[PDB]
Amino acid sequence: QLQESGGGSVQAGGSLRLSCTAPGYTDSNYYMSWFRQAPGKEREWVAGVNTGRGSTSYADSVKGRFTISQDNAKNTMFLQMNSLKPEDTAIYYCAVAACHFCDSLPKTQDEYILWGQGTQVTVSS
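Structure determination for this entry is recorded as X-ray crystallography, at 2.650 Å resolution.

What follows is the structure, encoded as structure tokens:
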């Protein structure tokens, strides 16, 4: 029951902005991460934000082209994806977990509690 939007197809070098909203999370601090999976591969962590600290982190394959930006509303985040390349084509998934210590952004699949459907991103040359 996450709200995800922004996916679609874009030419190579273009950009998209993925949006993710967690309805109950105006309370709490939380981890929110993006994972992606292309048909035939595992689901890799892409980027995430630790609202408890205020910090963001990125996988090396997207570092310098993907940035997370907060919203005025504290239960929503955006992933701005620039200079997209074909191998960024995949289903992108938002994931959220309420935060106790707010101690370190987790980078695997199984430590996140809430998941969306995923938005599909297709990059064509």
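The next subject is the pattern of salt bridges. Tallying each qualifying case throughout the model produces three salt bridges. The salt bridge partner of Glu-44 is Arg-36, with a shortest N-O separation of 3.4 Å. Accessibility expressed as a relative area gives 37% for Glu-44, which makes it partly exposed. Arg-36 is paired through a salt bridge with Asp-88; the nearest N and O atoms lie 2.9 Å apart. With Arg-36 in strand β4 (residues 30–37) and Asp-88 in the loop between β8 (76–81) and β9 (90–98), the pair connects residues that are 52 residues apart, well separated along the chain.

This next bit is on the nonpolar core. With 37 residues, the main nonpolar core has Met-32, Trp-34 and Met-81 as its most contacted residues. When contributions to this core are tallied by element, the ones reaching two or more residues are β3 (16–21), β4, β5 (44–50), β7 (66–70), β8, β9 and β11 (119–124). Here this core takes six residues from β9, the largest share from any one element. In this structure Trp-34 touches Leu-18, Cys-20, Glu-44, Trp-45, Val-46, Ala-47, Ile-68, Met-77, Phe-78, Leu-79, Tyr-93 and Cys-94, once residues within four positions along its chain are discounted.

Structurally, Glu-4 is set in strand β1 (residues 3–5). One buried charge, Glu-4, has no salt-bridge partner; the nearest side chain with opposite charge is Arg-43, at 8.6 Å. A polar side-chain atom of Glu-4 sits 2.8 Å from the main-chain amide nitrogen of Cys-94. A distance of 2.6 Å separates a polar atom in the side chain of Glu-4 from the backbone nitrogen of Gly-118. In contact with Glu-4, not counting residues within four places along its chain, are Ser-19, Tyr-92, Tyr-93, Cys-94, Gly-116, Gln-117, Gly-118 and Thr-119.

This part covers the pairing of β11. By the alternation rule, side chains of β11 split into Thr-119, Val-121 and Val-123, which are all buried, and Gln-120, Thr-122 and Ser-124, of which none is buried. Of the pairings in the sheet, the one linking strand β2 (residues 8–11) to β11 comprises four bridges and is parallel in character. Of the residues in β11, the one forming a bridge with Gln-11 is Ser-124. Direction of pairing for β9 relative to β11: antiparallel, over a ladder of three bridges. Among the inter-strand pairings, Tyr-92 is bridged to a residue of β11, identified as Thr-119.

Rules used throughout
- Residues numbered from 1 in each chain as written, not as in the entry; some residues may be left out.
- Heavy atoms only, no water.
- Salt bridge = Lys/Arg side-chain N within 4 Å of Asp/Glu carboxyl O.
- Buried < 20%, exposed > 50% of the residue type's maximum accessible area, 1.4 Å probe, protein only.
- Helix = DSSP H or I, 4+ residues; strand = E, 2+ residues; numbered from the N terminus.
- Core = buried A, V, L, I, M, F, W, Y, C linked by side-chain atoms within 4.5 Å.
- Contact = heavy atoms within 4.5 Å.
- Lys, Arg positive; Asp, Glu negative; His and termini not counted.
- Polar contact = N/O pair within 3.5 Å; in protein donor to acceptor, adjacent residues only side chain to side chain.
- Pairing = 2+ DSSP bridges.

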